[PDB]
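Working notes, structure below.
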Amino acid sequence: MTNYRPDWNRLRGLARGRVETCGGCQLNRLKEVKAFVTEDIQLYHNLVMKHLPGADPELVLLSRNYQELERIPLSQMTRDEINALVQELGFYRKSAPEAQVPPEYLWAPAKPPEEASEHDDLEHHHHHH
């Protein structure tokens with residue numbers, strides 16, 4: 001039944017994610033993995049792929065300013081599972097790279113700024129005809 005859960009306490013700050021993997025290498029053996037890092041990886045906002053000299057295909061949940069907070073391997077899991085995780089976090093997925101993103105997930109997976117949904121000086125709040 002799996003029933004897995006991340007370390008949200010250790011992940012605190014995750015505002016973006018980047019996948020690191022050997023550019024001059026291929027994930028033929030990891031047919032699944034390769035997929036996630038070829039098709040959807042471009043559709044997933046704030047989720048970009050990386051071509052390192054020679055590293056393993058691992059996700060890097062950074063903290064906005066590229067403050068790598070945590071890195072988890074993907075070679076072990078399957079595309080279907082790896083996608084589940086991304087969704088679990090809050091990442092957005094579109095149909096195309098040139099596609100847009102609704103206000104709901106505009107800043108996703110990050111939260112909207114404080115000074116935006118807060119109001120108290122609405123017409124002095126007294127009386128209105």
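By convention here, the chains of the structure tokens are called A, B, ... in the order presented, each chain's residues are numbered starting at 1, and ligands are numbered starting at 1 in the order presented.
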*asked:* as a ChimeraX atom specification, please: the residues near residue 105 (chain A) (cut-off 10 Å, only C-alpha atoms, same-chain neighbours under 2 positions excluded).
replied: /A:45,90-93,101-103,107-112
Write the residues of the preceding selection, restricted to N, CA and C atoms, as an mmCIF file, in the first residue's frame.
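Result file is out-v9.cif:
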data_model
loop_
_atom_site.group_PDB
_atom_site.id
_atom_site.type_symbol
_atom_site.label_atom_id
_atom_site.label_comp_id
_atom_site.auth_asym_id
_atom_site.auth_seq_id
_atom_site.Cartn_x
_atom_site.Cartn_y
_atom_site.Cartn_z
ATOM 1 N N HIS A 45 6.163 23.242 -14.124
ATOM 2 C CA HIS A 45 6.698 24.562 -13.810
ATOM 3 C C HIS A 45 7.738 24.471 -12.698
ATOM 4 N N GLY A 90 3.219 20.013 -4.922
ATOM 5 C CA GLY A 90 2.362 21.098 -5.355
ATOM 6 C C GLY A 90 2.750 21.646 -6.716
ATOM 7 N N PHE A 91 3.761 21.040 -7.339
ATOM 8 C CA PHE A 91 4.223 21.479 -8.654
ATOM 9 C C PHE A 91 3.064 21.528 -9.648
ATOM 10 N N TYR A 92 3.162 22.434 -10.617
ATOM 11 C CA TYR A 92 2.127 22.580 -11.635
ATOM 12 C C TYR A 92 2.524 21.850 -12.914
ATOM 13 N N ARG A 93 1.529 21.350 -13.639
ATOM 14 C CA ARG A 93 1.774 20.634 -14.886
ATOM 15 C C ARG A 93 0.885 21.173 -16.003
ATOM 16 N N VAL A 101 -0.131 29.587 -16.692
ATOM 17 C CA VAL A 101 -0.491 28.996 -15.407
ATOM 18 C C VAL A 101 -1.506 29.874 -14.674
ATOM 19 N N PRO A 102 -2.648 29.300 -14.245
ATOM 20 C CA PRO A 102 -3.688 30.051 -13.533
ATOM 21 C C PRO A 102 -3.164 30.684 -12.244
ATOM 22 N N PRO A 103 -3.863 31.711 -11.722
ATOM 23 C CA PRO A 103 -3.456 32.395 -10.488
ATOM 24 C C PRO A 103 -3.348 31.434 -9.312
ATOM 25 N N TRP A 107 2.239 31.103 -8.341
ATOM 26 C CA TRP A 107 3.511 31.106 -7.623
ATOM 27 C C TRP A 107 3.879 29.706 -7.155
ATOM 28 N N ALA A 108 2.973 28.760 -7.381
ATOM 29 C CA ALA A 108 3.200 27.370 -6.990
ATOM 30 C C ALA A 108 4.610 26.915 -7.376
ATOM 31 N N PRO A 109 5.225 26.011 -6.587
ATOM 32 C CA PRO A 109 4.630 25.426 -5.386
ATOM 33 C C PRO A 109 4.742 26.351 -4.177
ATOM 34 N N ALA A 110 5.157 27.589 -4.426
ATOM 35 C CA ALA A 110 5.311 28.575 -3.361
ATOM 36 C C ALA A 110 3.983 29.258 -3.046
ATOM 37 N N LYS A 111 3.923 29.913 -1.889
ATOM 38 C CA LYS A 111 2.715 30.609 -1.464
ATOM 39 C C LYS A 111 2.747 32.073 -1.900
ATOM 40 N N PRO A 112 1.573 32.667 -2.192
ATOM 41 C CA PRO A 112 1.480 34.066 -2.623
ATOM 42 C C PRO A 112 1.937 35.034 -1.531
#
_Residues within 6 Å of region 8-23 of chain A, please, as JSON, numbers by chain. Count only C-alpha atoms; anything in the same chain fewer than 4 positions from it doesn't count._
{"A": [46, 47, 48, 49, 50, 51, 52, 53, 54, 55, 56, 57, 58, 59, 60, 61, 62, 63, 64, 109, 110]}
*Excluding residue 6 (chain A) and residues on its chain fewer than 5 positions from it, collect all residues at most 10 Å away from it, counting only C-alpha atoms, and give them as a ChimeraX atom specification.*
/A:11,85,88-89
All strand (DSSP E) residues (DSSP, backbone) inside region 8-100 of chain A, as a tab-separated table (two decimals) with N, CA, C and O atoms, in the first residue's frame:
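Just written: part08.tsv:
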chain	number	residue	atom	x	y	z
A	16	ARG	N	10.99	25.39	-5.27
A	16	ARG	CA	11.30	24.96	-6.63
A	16	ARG	C	12.07	23.64	-6.64
A	16	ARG	O	12.57	23.20	-5.60
A	17	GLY	N	12.16	23.03	-7.81
A	17	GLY	CA	12.88	21.77	-7.94
A	17	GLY	C	13.66	21.66	-9.24
A	17	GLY	O	13.23	22.15	-10.29
A	18	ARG	N	14.84	21.03	-9.17
A	18	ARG	CA	15.69	20.85	-10.34
A	18	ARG	C	16.26	19.44	-10.36
A	18	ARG	O	16.72	18.93	-9.34
A	19	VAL	N	16.22	18.81	-11.52
A	19	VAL	CA	16.71	17.45	-11.67
A	19	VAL	C	18.12	17.42	-12.25
A	19	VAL	O	18.37	17.92	-13.35
A	20	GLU	N	19.05	16.82	-11.50
A	20	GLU	CA	20.44	16.71	-11.94
A	20	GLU	C	20.72	15.33	-12.52
A	20	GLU	O	20.36	14.32	-11.93
A	21	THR	N	21.36	15.30	-13.69
A	21	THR	CA	21.69	14.04	-14.35
A	21	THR	C	22.75	14.22	-15.42
A	21	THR	O	22.82	15.27	-16.07
A	22	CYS	N	23.58	13.19	-15.60
A	22	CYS	CA	24.65	13.22	-16.59
A	22	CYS	C	24.09	13.51	-17.98
A	22	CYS	O	23.35	12.71	-18.54
A	47	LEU	N	10.32	23.38	-12.52
A	47	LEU	CA	11.00	22.09	-12.54
A	47	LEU	C	11.81	21.96	-13.82
A	47	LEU	O	11.26	21.62	-14.87
A	48	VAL	N	13.10	22.23	-13.73
A	48	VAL	CA	13.98	22.18	-14.90
A	48	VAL	C	14.97	21.02	-14.83
A	48	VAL	O	15.30	20.54	-13.74
A	49	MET	N	15.43	20.59	-15.99
A	49	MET	CA	16.41	19.51	-16.07
A	49	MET	C	17.83	20.06	-16.14
A	49	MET	O	18.04	21.19	-16.59
A	50	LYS	N	18.78	19.27	-15.68
A	50	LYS	CA	20.18	19.68	-15.68
A	50	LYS	C	21.10	18.62	-16.29
A	50	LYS	O	20.86	17.42	-16.15
A	51	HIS	N	22.15	19.08	-16.96
A	51	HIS	CA	23.11	18.20	-17.59
A	51	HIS	C	24.47	18.31	-16.91
A	51	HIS	O	25.28	19.17	-17.26
A	52	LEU	N	24.73	17.43	-15.94
A	52	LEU	CA	25.99	17.44	-15.22
A	52	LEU	C	27.02	16.56	-15.93
A	52	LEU	O	26.66	15.68	-16.71
A	58	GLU	N	18.80	12.64	-9.93
A	58	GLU	CA	18.15	12.90	-8.65
A	58	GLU	C	17.49	14.27	-8.64
A	58	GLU	O	18.03	15.24	-9.18
A	59	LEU	N	16.32	14.36	-8.02
A	59	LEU	CA	15.59	15.62	-7.92
A	59	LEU	C	16.24	16.51	-6.87
A	59	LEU	O	16.80	16.01	-5.89
A	60	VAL	N	16.16	17.82	-7.06
A	60	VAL	CA	16.75	18.76	-6.11
A	60	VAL	C	15.75	19.83	-5.70
A	60	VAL	O	15.63	20.87	-6.35
A	61	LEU	N	15.02	19.57	-4.62
A	61	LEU	CA	14.04	20.53	-4.13
A	61	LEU	C	14.75	21.69	-3.45
A	61	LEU	O	15.07	21.63	-2.26
A	62	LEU	N	15.00	22.75	-4.21
A	62	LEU	CA	15.69	23.93	-3.69
A	62	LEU	C	14.72	24.88	-3.00
A	62	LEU	O	13.52	24.64	-2.95
A	70	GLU	N	16.97	19.59	-0.35
A	70	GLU	CA	17.00	18.14	-0.31
A	70	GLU	C	17.10	17.54	-1.71
A	70	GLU	O	16.63	18.12	-2.68
A	71	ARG	N	17.72	16.37	-1.78
A	71	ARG	CA	17.88	15.66	-3.05
A	71	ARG	C	17.50	14.19	-2.88
A	71	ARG	O	17.99	13.52	-1.97
A	72	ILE	N	16.63	13.71	-3.75
A	72	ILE	CA	16.16	12.33	-3.69
A	72	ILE	C	16.35	11.62	-5.03
A	72	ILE	O	16.06	12.19	-6.08
A	73	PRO	N	16.82	10.35	-5.01
A	73	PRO	CA	17.04	9.59	-6.24
A	73	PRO	C	15.74	9.24	-6.95
A	73	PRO	O	14.70	9.04	-6.31
_DSSP alpha helix (DSSP H) residues within region 51-113 of chain A, listed as a ChimeraX atom specification_ = /A:79-89
Go ahead and save the residues from that selection, with N, CA, C and O atoms, as a short mmCIF file (atom, residue, chain, number, x, y, z; two decimals), in the first residue's frame.
data_model
loop_
_atom_site.label_atom_id
_atom_site.label_comp_id
_atom_site.auth_asym_id
_atom_site.auth_seq_id
_atom_site.Cartn_x
_atom_site.Cartn_y
_atom_site.Cartn_z
N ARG A 79 8.64 6.39 -13.39
CA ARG A 79 8.04 7.65 -13.84
C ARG A 79 6.70 7.90 -13.16
O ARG A 79 6.45 8.98 -12.62
N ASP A 80 5.83 6.89 -13.19
CA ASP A 80 4.50 7.01 -12.58
C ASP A 80 4.60 7.42 -11.12
O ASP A 80 3.81 8.24 -10.64
N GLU A 81 5.56 6.84 -10.40
CA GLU A 81 5.75 7.15 -8.99
C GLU A 81 6.42 8.51 -8.80
O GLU A 81 6.03 9.29 -7.93
N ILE A 82 7.43 8.78 -9.62
CA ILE A 82 8.15 10.04 -9.54
C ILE A 82 7.23 11.22 -9.81
O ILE A 82 7.42 12.30 -9.25
N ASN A 83 6.21 11.01 -10.65
CA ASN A 83 5.26 12.07 -10.99
C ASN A 83 4.33 12.32 -9.81
O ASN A 83 3.92 13.45 -9.54
N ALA A 84 3.99 11.23 -9.12
CA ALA A 84 3.11 11.30 -7.97
C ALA A 84 3.70 12.24 -6.92
O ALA A 84 3.01 13.09 -6.37
N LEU A 85 5.00 12.06 -6.66
CA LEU A 85 5.71 12.89 -5.69
C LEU A 85 5.62 14.37 -6.06
O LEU A 85 5.22 15.19 -5.23
N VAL A 86 5.98 14.70 -7.29
CA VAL A 86 5.95 16.09 -7.76
C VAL A 86 4.59 16.71 -7.49
O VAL A 86 4.49 17.86 -7.05
N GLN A 87 3.53 15.95 -7.75
CA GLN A 87 2.17 16.42 -7.54
C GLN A 87 1.89 16.56 -6.05
O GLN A 87 1.22 17.50 -5.62
N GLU A 88 2.43 15.63 -5.28
CA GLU A 88 2.26 15.64 -3.83
C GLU A 88 2.76 16.95 -3.24
O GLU A 88 2.15 17.50 -2.32
N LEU A 89 3.87 17.45 -3.78
CA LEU A 89 4.46 18.70 -3.31
C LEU A 89 3.55 19.88 -3.64
O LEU A 89 3.16 20.64 -2.76
#
*So what do you get for CA of residue 4 (chain A) versus CA of residue 77 (chain A), distance-wise?*
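Taking CA of residue 4 (chain A) and CA of residue 77 (chain A), their separation equals 12.6 Å.
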*What does the distance from CA of residue 98 (chain A) to CA of residue 25 (chain A) come to in Å, to one decimal?*
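The value is 27.2 Å.
With distances taken over only C-alpha atoms, A:78 is the one residue among A:68, A:125, A:78, A:5 lying closest to residue 32 (chain A).
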*Which value, in Å to one decimal, gives the distance between CA of residue 120 (chain A) and CA of residue 104 (chain A)?*
22.8 Å
